[PDB]
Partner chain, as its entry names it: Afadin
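Here's a solo chain for you in structure tokens, the form deposited without the partner chain.
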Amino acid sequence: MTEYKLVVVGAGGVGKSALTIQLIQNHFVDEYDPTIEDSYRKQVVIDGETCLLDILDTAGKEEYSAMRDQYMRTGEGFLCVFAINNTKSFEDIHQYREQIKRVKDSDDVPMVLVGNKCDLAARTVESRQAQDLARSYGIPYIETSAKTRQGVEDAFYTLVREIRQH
């Protein structure tokens, strides 16, 4: 059985925990409890392969990002998440890409750009704008909703498929 270590990063409140919990536990977390560092593990069949997913849910709030670098070190793939109704979270994606490059000491790390909360209508980040950012990094852009489940499996499974190409 193959093991894939995934790490979810991004600004505070963009929905990292809700996305992970929807994927793993199949329910939507409506409340906002800031994360320090949590991990989830689950066996799933992806494209015919039985594998073990180890997902690290990291802190987005600066005050709670103590040794985030250390926890991310073993990550093999990263979901860089921003919220489509939070322009600042989109503009700060570069901060996370930089951190990933540092922790992995590589400019070629499996990643997927995720625009979460696509169920909301106060959109300030248009799809095309995010597609362009992802293109510059040479990675896929996928929109998700931890609330409706739209694109959730697609985002995580795509990250696995990206790890498989590296």
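Numbering follows the first chain given and starts at 1.
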note = The stretch carrying the higher mean Cα B factor in the deposited entry, 39 to 47 or 112 to 120, is 39 to 47
query = Of the two stretches 66 to 74 and 50 to 58, which shows the higher Cα B-factor on average in the entry?
reply = 66 to 74
query = Ranked by Cα temperature factor within the chain, is residue 6 in the lowest third, the middle third or the highest third?
reply = middle
key: residue 29, C-alpha B-factor rank within chain (lowest, middle or highest third)   = lowest
